[PDB]
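Notes for the structure review
Single-letter residue listing:
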Amino acid sequence: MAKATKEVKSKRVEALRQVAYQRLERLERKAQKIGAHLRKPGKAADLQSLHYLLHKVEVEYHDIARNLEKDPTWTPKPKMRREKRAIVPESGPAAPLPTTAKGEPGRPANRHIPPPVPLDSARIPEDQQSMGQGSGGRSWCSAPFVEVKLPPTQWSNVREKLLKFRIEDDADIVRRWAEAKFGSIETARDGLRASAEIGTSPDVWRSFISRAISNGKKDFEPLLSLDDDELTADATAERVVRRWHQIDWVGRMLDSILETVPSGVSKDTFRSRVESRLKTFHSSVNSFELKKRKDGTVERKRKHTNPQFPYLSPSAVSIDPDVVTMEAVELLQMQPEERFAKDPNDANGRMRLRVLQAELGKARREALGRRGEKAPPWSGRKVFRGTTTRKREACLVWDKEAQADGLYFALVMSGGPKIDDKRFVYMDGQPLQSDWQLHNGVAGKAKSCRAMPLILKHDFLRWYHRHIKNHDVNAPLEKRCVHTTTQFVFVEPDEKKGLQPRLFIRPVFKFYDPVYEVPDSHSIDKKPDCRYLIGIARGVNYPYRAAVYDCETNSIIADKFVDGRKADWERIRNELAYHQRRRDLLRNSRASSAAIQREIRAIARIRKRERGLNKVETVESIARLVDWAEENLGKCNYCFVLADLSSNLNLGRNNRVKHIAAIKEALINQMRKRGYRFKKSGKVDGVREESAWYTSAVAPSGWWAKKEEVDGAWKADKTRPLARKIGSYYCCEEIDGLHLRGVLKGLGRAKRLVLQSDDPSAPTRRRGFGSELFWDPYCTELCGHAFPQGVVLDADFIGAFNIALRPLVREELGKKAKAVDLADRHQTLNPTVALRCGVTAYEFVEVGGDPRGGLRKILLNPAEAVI
DNA sequence: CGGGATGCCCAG
DNA sequence: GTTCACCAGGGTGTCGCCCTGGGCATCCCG
RNA sequence: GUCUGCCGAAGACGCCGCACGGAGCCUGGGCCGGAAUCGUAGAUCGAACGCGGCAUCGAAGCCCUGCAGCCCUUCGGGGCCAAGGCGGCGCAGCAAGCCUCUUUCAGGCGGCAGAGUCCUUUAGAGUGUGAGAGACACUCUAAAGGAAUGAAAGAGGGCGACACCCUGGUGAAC
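Residues numbered from 1 in each chain as written, not as in the entry; some residues may be left out. Chains lettered and ligands numbered in written order. Heavy atoms only, no water.

The record names cryo-EM as the way this model was obtained, at a resolution of 3.36 Å.

Below you can see the structure in the form of structure tokens.
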């Protein structure tokens, strides 16, 4: 019988491959029919729709051909050609929210109003005495716009003066220059990337160091006599040759562009903007990162993923259906085996079927282009932005006669009266005569400007009261400022609906930069010299958890945290998916269009509710945490230790509630605005990044809880899960004041808990905690409270505690360390550090003949128990 | 003569 | 019930740089 | 403008009043069907598979599309030509949008008479200044037309890049 099975198996594979060839030539016949049918003159239904059927049948051709050539024992019985391709969500499971006006926060009216400004004394440091270009400073912008009141009759002259500094419609000059100089845009991008790169040949290197020496620098005289392979591997010489190649190449291309500038464009601000963009480009193509291999050799890896020339992103071109029709039928004319070969004309060397699929996508993109958005405009109307990067350009003067709200945005033009030097004064408090930048008459300058009044509303008044304390001579130096530049935006007038032109300005205040610092904040082998350490645990559902730590008492002091909107994001995503499905299934189907419009409005409702989700609440709580830290802990006495998470870690469906790098960015900006020093590497003193491996999963009671022993104990005891697997077995909500345990559904991704749910098709509280809860069974007692089978704590609290206690271990061990040594040092040190704050925990309550049957949360406050 | 404009230069 | 490979439409987060001016030479026209 | 006296329903919410196409190329939409194929002899039993044929509801995308309607416009018209469906009966704070970017919360928005306040324009009149031009400064008085946001956070602009997620049109691996 066995020899019969072997010969019959060869018959099976040969017969099924014969079926594959018969179906293949069936596709080929169908493709010939439709390609000769698309040929039929005047056809515009075989266009697009059965052009899509053409790429479908050719994709099936390529897939059948590949599945037959790659696999010699091709025996297809997987039951997918008999599969109906069902969609498992229901047709109508609509579940909106019923919560409505159950309190509604108030708005305690406050009367913020900017008081007048005195002249600052000689407390200014020496490096920021002039406050010109690059002379210290912080240059912190202004997060709200403020509306200036344009004159009702002279606003056209103001618009004419502001049209010089207009930022948009400058890309078209750069694209026109690329078209006129290198023919095509892609050829321009490739040739300009080739010219911007620096060679590894030491001849041009030595030429650029010789140019550096002849320009007045005497530091690189032994660099000319250095060995060629040594100067190639020299990082300092690499930076020098990069800066001089930047100067030469940016100068050459800048001219090439300013020679091709049309008349009317102001060449000064265009020169500055284009020079900054080309400096950005030549830095980003030639910046190389020290990537080491296993043998210690440094690989010259570029930080930027794929830099291209500025103002040269690939814009979508509206291709026509006729040329993609001709290219498709011409691809069909050649032999079908080479129809899926690499295209010699493609830049990426794509497949011919792939480039025709992309061309068909463009051909149906031209009818569905810049439309269909969920209406997010800036004011709706036609605007043009810009910036005024000078004091001769524009500034904020203060009216000395007004005791409050006397800020005026003075902007210089040919028309208008002369500015008053005795009534108007700069916003720092210094007079108009100190700077001579817009004063008329004396010191050889003559300037006349109109000071249009400022409309101070809640946003700008709140920002000016929070960020600027310019009315106090002896103010902290991080609150005093000077104003040089303004990122205005001009909203153009409309005559169709009869509106009024409005100008919004965003000032950019160069704040004075004090020398505030905490020592050894970014020292690798040194703990920061401060009394307090704050450990931020950035998580997925809880955004951050803070556990501040004082080394004098060696205990946690506070446990501030927020809740996050993960489950709300899940609900919005599910309702958005259902409404998108019902809208899209009702669009390809026709004779129903009011249904399309009402589900467009339902999509807009869910878009507004998703627009409610943002990082604003997270950065608001970060600001509140930093303010609380500076109030209670005191200035220059803390350091926000953060876990060094991956910069581009990938999550699942919770991308809109990730906000992980936003916490680090917000903390860096918040500690920058407090006055703390900002190093050139992008680090601010008081925000220290330290890496956390599985050592951030060790217990405060002294348990490492390694993944190997946790996996072994969970395999031996499925009903008793350890580490963070305990939280996945319990319901998120509560029944009888407490959360029950449940049984997982055996499907991997459809994880539905069974909380003794004998009710048919009952989801109940199918959502669980997941990895959010850490249960330590070895901690049967904690903070004056007893637990029979251990205490369940938040995993983010454990991570925050480990992060806050980590730099002590880092200083005790040294620079060279592995995670095992940090783990055992944490295992020994953990028990010794105590808790003097209310630490959120859970209790194993007796449910159903078992103390592990339920979870109940209490405060567990040492301030009520220990002290 | 002089108010205002336009454009270039300041480079471990 | 999954996973991957394309093409549309929509939405997010995140990342490399640079910027966040004054002096001054010449034009320039009423 | 704004505030008060007085008047009302947009747009939503329940009810029904109605909708231009197949030659040719995809699919339901109904049938019928065995073979090339498979349940590890035969595989003719069953499973189906890509399909073949018949008739047909008729639609996906086009030829037919009128500018029914919206956008652009040099104002003549052109583009998509479908949409927006539209169009009544009862319900009249209860949508969207706006009052500033990124958000949250509270609040306001729609006809005609009355009242004050501010700004802008202007007038008479008056005061001093004014090598004196009845010019200027500016006051008094009067008239014309314009004038809802609080509260809590934010480093925001560019330029070029990535990497997720959702829904359709598909194909392949399980």
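That was the structure; now back to the text.
1. Looking at the protein's contact with DNA strand B
To keep things clear, this is the line we draw: A single heavy atom is enough: if one lies within 4 Å of a molecule or strand, its residue is considered near that molecule or strand. Strands here are runs of E lasting at least two residues and helices are runs of H or I lasting at least four, both read from the DSSP assignment and numbered beginning at the N terminus.
Around DNA strand B, a shell composed of 17 residues is seen, among which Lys161, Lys164, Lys217, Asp268 and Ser414 lie nearest. Counting only atoms of DNA strand B within 4 Å of the protein, the sugar-phosphate share comes to 65%. Within the residue set of the surface near DNA strand B, elements represented by two or more residues are helix 9 (235-259) and helix 10 (267-286). The element that contributes the greatest number of residues to the surface near DNA strand B is helix 9, accounting for 4 residues.

2. Overview of the protein's contact with DNA strand C
We apply this condition: Under the rule applied, a polar contact is a pair of N or O atoms within 3.5 Å (in protein, one hydrogen donor and one hydrogen acceptor; residues adjacent in sequence only if both atoms are side-chain atoms). Think of it as three bins: nonpolar holds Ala, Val, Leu, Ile, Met, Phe, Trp, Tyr, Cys and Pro, charged holds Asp, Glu, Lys and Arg, and polar takes everything else, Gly as well.
The local shell around DNA strand C holds 47 residues, among which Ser283, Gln437, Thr484, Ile660 and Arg749 are the closest. In DNA strand C, the atoms that sit within 4 Å of the protein are 74% sugar and phosphate, with bases accounting for the remainder. Within the side chain of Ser287, one N or O atom sits 3.3 Å away from a phosphate oxygen of DNA strand C. Taking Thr484, its side chain carries an N or O atom lying 2.6 Å from a phosphate oxygen of DNA strand C. Put simply, the parts of the chain that give the surface near DNA strand C at least two residues each are helix 10, helix 12 (352-365), strand 9 (481-486), strand 12 (507-511) and helix 18 (660-673). For the surface near DNA strand C, the element with the highest residue contribution is helix 12, accounting for 6 residues. Tallied by class, the residues present in the surface near DNA strand C amount to 10 nonpolar, 21 polar and 16 charged.

3. Description of the side chain of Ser284
Quick reminder of the rule: Two residues qualify as a contact provided that any one of their heavy atoms is within 4.5 Å of a heavy atom in the partner residue.
Here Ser284 shows up in helix 10. A polar side-chain atom of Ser284 sits 3.3 Å from a polar atom in the side chain of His304. If sequence neighbours within four positions are ignored, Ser284 has contacts with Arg302, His304 and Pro307.

4. Quick look at a positive patch on the surface
How we decide: What makes a patch is a set of residues exposed beyond 30% relative accessible area and free of salt bridges, joined within 9 Å when like-charged and within 5 Å when nonpolar (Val, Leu, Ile, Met, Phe, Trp, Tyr). Each accessible area value is a Shrake-Rupley result obtained with a 1.4 Å probe; residue values ignore everything except the protein chains displayed when judging cover. By convention in these notes, a salt bridge is any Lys or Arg side-chain nitrogen within 4 Å of a carboxyl oxygen on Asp or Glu. Note on charges: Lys and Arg go in the positive column, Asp and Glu in the negative column, and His and the chain ends are not counted at all. Charge positions are represented by NZ for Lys, CZ for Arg, CG for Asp and CD for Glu. Exposure is judged per residue with a 1.4 Å probe applied to protein chains only, and the accessible area is read against the type maximum: over 50% gives exposed, under 20% gives buried, and values in between give partly exposed.
There is a patch of like positive charges on the surface, built from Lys292, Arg293, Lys294, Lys301, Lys815, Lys816 and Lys818. Examined against the element boundaries, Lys818 turns out to sit in the loop between helix 20 (795-813) and helix 21 (819-829). Looking at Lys818, the relative accessible area reads 54%, which means it is exposed.

5. Notes on the sheet that holds strand 7 (residues 424-426)
So the rule is basically this: In this description, strands pair whenever DSSP reports at least two bridges between them. Axis geometry follows a simple rule: fit a line to the C-alpha atoms, using only the stretch in contact for helices, then measure angles between N-to-C directions, giving values from 0 to 180 degrees.
Strand order in this open sheet of 8 strands is 4-10-11-1-8-6-5-7, and the pairing throughout is antiparallel. Strands at the two margins of the open sheet, each flanked by one partner only, are strand 4 (383-385) and strand 7. Neighbouring strand axes in the sheet, compared pairwise and without regard to direction, differ in orientation by 35° on average. The pairing of strand 1 (residues 146-148) with strand 11 (residues 502-505) spans 3 bridges and is antiparallel. In the strand pairing of strand 11, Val146 is matched with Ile505. Running at roughly 65° to strand 6 (residues 407-412), helix 3 (residues 155-162) makes contact with strand 4, strand 6, strand 8 (449-455), strand 10 (489-491) and strand 11 of the sheet.

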